């Protein structure tokens, strides 16, 4: 609990609605204002999805350019991590430091989140061509082994690789403390040099965050994963969620990573 802590703010996401969370940033201007407030509260990475003005998900290259440029203008030290979810490669030309790589398929609510093995390989190879570092999203134990297989084949070559555990999806592994303890130990056995962060969906935000705090892990928070500050109490901003984690880190004496330290830990240099 003395190693620097990297806080990631996943500010918008692809599913969260304004009806449920009226403070959801949707426009590039709103996303830049939120990114600055999050950075000041202690966040060093923004996990970015884009939306159209009506709030529907967007994949428009010009919209990604508008959002990335707006955020970099107000917080140039921020690390931008985009989710682009063969014309889905176009935003990588905007030089994000990182991009999401989903490590597998899972049932996801009353639906299926499909990431075909051939498409995982194709995306991993495209990130290398564009010099973009992967942010590898893992929802289950078997996805760690699948990533280790891609490392052995020389497809995923980033080292130290960064794993983003996403716990609490209906269909995926839950965020109960037993699960996060198992996952970090399993990852240490299978990919010894990998670093990791955890995202705890909804009610799992508090247990995942406090375990990561004292086990050397990093933490992702934000409206993409959780809109509540307390049970039944809507959060006022993503920065409010980041600031609570920063206050707990200050209480226990765990320093927040500087932008330089975050780039070193995540091997972005």
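Numbering follows the first chain given and starts at 1.
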### Message
For the step residue 171 to residue 172, what size class fits the number of deposited residues with no coordinates, none, 1 to 3, 4 to 9, or 10 or more?
### Response
none
#### Entry: Higher-B stretch (mean Cα B-factor, as the entry records it), 152 to 160 or 192 to 200
152 to 160
#### Entry: 100 to 108 versus 125 to 133 - which carries the larger mean C-alpha B factor in the record
125 to 133
### Query
If you compare 207, 232, 222, 217, which has the highest Cα B-factor in the entry?
232
### Summary
When the entry's CA B-factors for 117, 175, 142, 76 are compared, the highest one belongs to 76
### Message
Ranking the modelled residues of this chain by C-alpha B-factor as given in the entry, is residue 70 in the lowest, middle or highest third?
### Response
highest
### Summary
Entry-reported C-alpha B-factor of residue 84 relative to its chain, by third, is highest
### Message
Please place residue 244 in the lowest, middle or highest third of its chain according to the CA B-factor in the PDB entry.
### Response
lowest
### Query
Once the chain's modelled residues are ordered by C-alpha B factor and cut into thirds, is residue 213 in the lowest, middle or highest one?
middle
## Note on the structure
Quick tally, chain-level thirds of C-alpha B-factors: residue 38 sits in the lowest
